[PDB]
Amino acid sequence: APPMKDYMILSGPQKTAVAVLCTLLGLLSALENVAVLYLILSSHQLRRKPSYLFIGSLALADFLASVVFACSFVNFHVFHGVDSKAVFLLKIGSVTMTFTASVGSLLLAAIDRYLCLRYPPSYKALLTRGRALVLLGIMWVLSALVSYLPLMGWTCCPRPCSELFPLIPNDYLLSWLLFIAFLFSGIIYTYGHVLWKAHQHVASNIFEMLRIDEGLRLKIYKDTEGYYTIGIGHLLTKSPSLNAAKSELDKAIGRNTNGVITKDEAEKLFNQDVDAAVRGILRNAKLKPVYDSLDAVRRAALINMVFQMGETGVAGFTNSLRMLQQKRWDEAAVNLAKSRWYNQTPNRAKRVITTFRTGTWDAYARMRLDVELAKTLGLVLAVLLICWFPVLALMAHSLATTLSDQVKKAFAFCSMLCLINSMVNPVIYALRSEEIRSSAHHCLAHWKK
């Protein structure tokens, strides 16, 4: 067995550079993750959701790693940690376990999203707060079984020893890398289908946009003012009679409907309504030059305002209408927010204003906080695969050919990428997830007062 002093590679002032770097990154990583743990455990809305308990497990795995990895690195490489066989095996085992549980935590987070977006009503019956905690229990245990295997007697006694890690053999190293490669393929396969479904949820039409705002109904209904209406906001009559509304319906369709229409018949009526909206805008002196400047997505947002308050009402935002034409999306957003339209109907106005600001369909989606979480996980997975790749690629090269002293020096500094990855994650979750964003605002109220 080769002594631990042979792996202790450092060259004077270059060791003091890692001593300040590893300490500062390790302190920042631990403080960023412990905030994410507090925020989830403190907020009533988060702790009860099985989706946020998997995120919490990633924050725990990253926090335990940050502390173990930095204290074991600065002790081994900088201060020269003369550790005995038993003490060293549990240290290397603790490092492996806290890292394996992160990959595991991600895999469960990716299957949680697939079941939610693929089978929506069956998810509440399947994933429960208790059932999630049990599933998180099996994972942490399996992680400890795989990682603590050299401590059980799988060390390099007659078998060839590894280049980078003391006491661990190449047959174990190859087995752990192959296991991690299979977990990554499993995450990729699921996230491949997750994207496909998450995409089918967001609107890509005016019909799909106005379905969220007006509400598609195939039987006669009453609006906020009380008028008899059908389909996607199609007005039947201005009188209080149902028979008058029924007669107007049979004339509009061309057959005896009896108060019930087909989806294809509802879309045919909607296409006649859109044509009349656009022809109206063209014959309005104020609305015509604005419709001409706006793009296809933004035009659908102005048609939406016409369906809600008519042509005479939309022409009343003289200062906003000019800001929109001049392509000053930011100055018009604040100008339209100070309107009574925003005061009366906040949700409809907020969704319309954001479309005029971004030029996307992103505000219009069924289960949008569930779709946006699937969008956040994808960015977390991408950063993981970027940061771990050079570290993993060197370990695979470690099995193929004998490594030089200078290459071993590169790996010590290279492994610092595992510490930046853990620092990038709590910034993404605090900037993209709205539920983590609002939980931090409600917690600061109790901290200050």
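Start at 1 with the first residue shown and count on from there.
Participant: Using only the Cα atoms and their B-factors as the entry lists them, report which of 152-160 and 97-105 averages higher.
Facilitator: Higher mean C-alpha B-factor in the PDB entry: 152-160.
Participant: Which is higher in the entry, the mean Cα B factor of 165-173 or that of 209-217?
Facilitator: So the stretch with the higher mean C-alpha B-factor is 165-173.
Participant: Go through 378, 233, 81, 280 one by one and give the residue whose Cα B-factor in the PDB entry is largest.
Facilitator: Highest C-alpha B-factor among the listed options: 81.
Participant: Based on the PDB record, which member of 254, 310, 226, 121 exhibits the highest Cα temperature factor?
Facilitator: It is 121.
Participant: Quick check for you: using the entry's CA B-factors within this chain, is residue 192 in the lowest, middle or highest third?
Facilitator: Ranked within chain, residue 192 CA B lands in the middle tercile.
Participant: Can you tell me whether residue 344 has a C-alpha B-factor in the lowest, middle or highest third compared with the other modelled residues of the same chain?
Facilitator: Highest third of the chain for residue 344's C-alpha B-factor.
Participant: Can you work out whether the C-alpha temperature factor of residue 391 puts it in the lowest, middle or highest third of the chain?
Facilitator: Its C-alpha B-factor, which the entry lists for residue 391, ranks in the middle third among residues of this chain.
Participant: Sorting by Cα B-factor within the chain, modelled residues only, which third would residue 67 end up in: lowest, middle or highest?
Facilitator: Answer is middle: the recorded C-alpha B-factor places it there.
Participant: Using only modelled residues of the chain, where does the Cα B factor of residue 240 rank: lowest third, middle third or highest third?
Facilitator: Tercile = middle for this residue's CA B-factor.
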